[PDB]
There are 2 protein chains.
Amino acid sequence: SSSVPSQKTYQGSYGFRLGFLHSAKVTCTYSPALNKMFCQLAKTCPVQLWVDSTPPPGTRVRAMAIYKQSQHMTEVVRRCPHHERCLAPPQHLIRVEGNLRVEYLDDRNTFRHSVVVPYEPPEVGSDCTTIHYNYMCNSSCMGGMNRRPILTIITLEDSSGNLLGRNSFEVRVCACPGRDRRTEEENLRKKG
Amino acid sequence: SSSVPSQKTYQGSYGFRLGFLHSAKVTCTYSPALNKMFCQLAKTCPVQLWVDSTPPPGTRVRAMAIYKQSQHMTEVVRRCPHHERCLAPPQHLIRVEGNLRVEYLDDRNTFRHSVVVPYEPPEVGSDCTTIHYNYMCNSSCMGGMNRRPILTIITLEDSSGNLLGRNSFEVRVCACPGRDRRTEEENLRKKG
DNA sequence: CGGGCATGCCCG
DNA sequence: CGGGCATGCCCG
Ligand SMILES: *C[C@@H]1C(=O)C2CCN1CC2
Ligand SMILES: *C[C@@H]1C(=O)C2CCN1CC2
Ligand SMILES: *C[C@@H]1C(=O)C2CCN1CC2
Ligand SMILES: *C[C@@H]1C(=O)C2CCN1CC2
Ligand SMILES: *C[C@H]1C(=O)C2CCN1CC2
Ligand SMILES: *C[C@H]1C(=O)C2CCN1CC2
Ligand SMILES: [Zn+2]
Ligand SMILES: [Zn+2]
């Protein structure tokens, strides 16, 4: 009955976790302390998928944004009117690049947007699979996120629709990821 | 042949001038030193029309915005996509309130927007006529003015289309007119 | 209300 | 590139 998707971590029977590359006032940088990606608009944000056990054939990887703060959690996250007017429907915040099987979904009941690609196991000798996401507005965009923090929820789903795993990370899309990560980490240490 | 309207002051044979009320970190405030109105979005910006000689019956008062800086002067000033989506067409920046004969014009050749009302002479004992303009975006709106200063051009035109007078003033539509007027006047004194 | 943060962007 | 302005908005 809820129109708010779960954000609860569920690493599940396949041992699903996300990973991030190591990254200066930079196009993206991930804070482990904050579980938060800082990235620039319309630029690559790589996300690694790690599993302990191989998901079945036909597994899918879905990404969806939700507002982090309770007061905004019921509002659908969408592209702002300016960037909408500038495969992906123009209203979608999150895109996937570099994939020939990307599907964009608008839920008929919840109106939430999501982007899905097939799960592919790592190549031999590799421990993870990387997806290249793109966020098409800044967190600050007027008429869109409007300075409200979001979480990205990554779910691993079988072809039948069973939830196999779920993880999430906060995102700030901003002009100066390195500056803003340093500011937020310092604020955590000083006032958190 | 130009699609850029003239901004040259022409006080003309009727002695046409504009005047502004005297106005604190306020909903509007006018700087004589800068010839610049500082006002808030979607709030009244009164403009006084002064003449030495009475214009003929059927005279009209037109207002049009143009970008002040040479680099932007050929671009039409429009409402940003966010405020457009929130009588006046939604794309028009400048509205007139309190008038039952307001006309909104989109020029078929230049694409410029303007808003026109009939000229009315002052009531007996008064020396000026006041029009209540409204600016429907901040100067800073992304996808609209985008922090570029504008001028408002006020023309007095007869019913036949003859230009009787023209005046202009700079406008900054902003959250804190009193703060910003003080900052700009101090910068003029210190660095201008 | 005024002080001061915010954050995309400017300038060196 | 990094320092620091910008400017709608937050908090007291
Ligand atoms: C987004 C950034 C980059 O461009 C590389 C890969 C992931 N992060 C860290 C370095
Ligand atoms: C999971 C692995 C790694 O740790 C490196 C970068 C991404 N994949 C391929 C090699
Ligand atoms: C816009 C402001 C106001 O609200 C009054 C009239 C004109 N200015 C100065 C005071
Ligand atoms: C021009 C006149 C004035 O100076 C005051 C305010 C506006 N009109 C009416 C009275
Ligand atoms: C964050 C800051 C930088 O370091 C350059 C890119 C974006 N912004 C302006 C210059
Ligand atoms: C300009 C500043 C003020 O003084 C109040 C109105 C708008 N802004 C926030 C509070
Ligand atoms: Zn946007
Ligand atoms: Zn606007």
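Letters A, B, ... are given to chains in the order of the sequence lines, protein chains preceding strands, and every chain is numbered from 1. Scope of the values below: all heavy atoms of this structure, side chains included, with no hydrogens, waters or symmetry mates.
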Novice: Of all the base pairs, Watson-Crick or G-U under 3.5 Å, which form stems of three or more consecutive pairs involving DNA chain D?
Specialist: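 Stem segments, range with range: C:1-5 with D:8-12, C:8-12 with D:1-5.
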
Novice: Which donor-acceptor pairs under 3.5 Å do side chains of residues 117-131 of chain B form with protein atoms, sequence neighbours excluded?
Specialist:
residue: B:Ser126; atom: OG; partner: B:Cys128; partner atom: N; Å: 3.4
residue: B:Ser126; atom: OG; partner: B:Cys128; partner atom: O; Å: 3.1
residue: B:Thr129; atom: OG1; partner: B:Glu120; partner atom: O; Å: 2.7

Novice: So, using ring-ring contact (aromatic ring centres under 6.0 Å, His included) as the criterion, who are the partners of A:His82 when residues are at least two apart?
Specialist: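 ring-ring contact (aromatic ring centres under 6.0 Å, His included) list for A:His82, sorted by chain: empty.
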
Novice: Without placing hydrogens or testing angles, list every side-chain donor-acceptor pair under 3.5 Å for residues 37-44 of chain B, not counting sequence neighbours.
Specialist:
residue: B:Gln40; atom: OE1; partner: B:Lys43; partner atom: NZ; Å: 2.7
residue: B:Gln40; atom: NE2; partner: B:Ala175; partner atom: O; Å: 2.9
residue: B:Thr44; atom: OG1; partner: B:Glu97; partner atom: OE2; Å: 2.6

Novice: Sequence neighbours left out, what pairs pass salt bridge (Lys or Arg N to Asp or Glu O under 4.0 Å) with at least one residue falling in residues 144-163 of chain B?
Specialist: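 Only B:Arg62-B:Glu157, B:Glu75-B:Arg148 qualify under salt bridge (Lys or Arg N to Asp or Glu O under 4.0 Å).
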
Novice: Quick one: hydrophobic cluster around A:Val116, which other residues, with the 4.5 Å side-chain cut-off, linked directly or via members?
Specialist: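 Result for A:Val116 is A:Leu105.
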
Novice: Can you give the donor-acceptor pairs under 3.5 Å from side chains of residues 20-29 of chain B to other protein atoms, not counting sequence neighbours?
Specialist:
residue: B:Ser23; atom: OG; partner: B:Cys28; partner atom: O; Å: 2.7
residue: B:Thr29; atom: OG1; partner: B:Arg181; partner atom: NH1; Å: 2.8

Novice: How would nucleotides 6-12 of chain D be written as a contact map, 5' to 3', with B for base contact, S for sugar-phosphate-only contact and - for no contact, using protein heavy atoms under 4.0 Å?
Specialist: -BBB---

Novice: Tell me the interatomic distance from B:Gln40, atom CD, to C:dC1, atom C1', rounded to whole angstroms.
Specialist: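 Nearest whole value for this atom pair: 13 Å.
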
Novice: Quick one: hydrophobic cluster around A:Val76, which other residues, with the 4.5 Å side-chain cut-off, linked directly or via members?
Specialist: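 Other cluster members: A:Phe111.
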
Novice: Is it true that B:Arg112 and B:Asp106 make a salt bridge, defined as a side-chain N closer than 4.0 Å to a carboxylate O?
Specialist: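 B:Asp106 and B:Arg112: not salt-bridged.
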
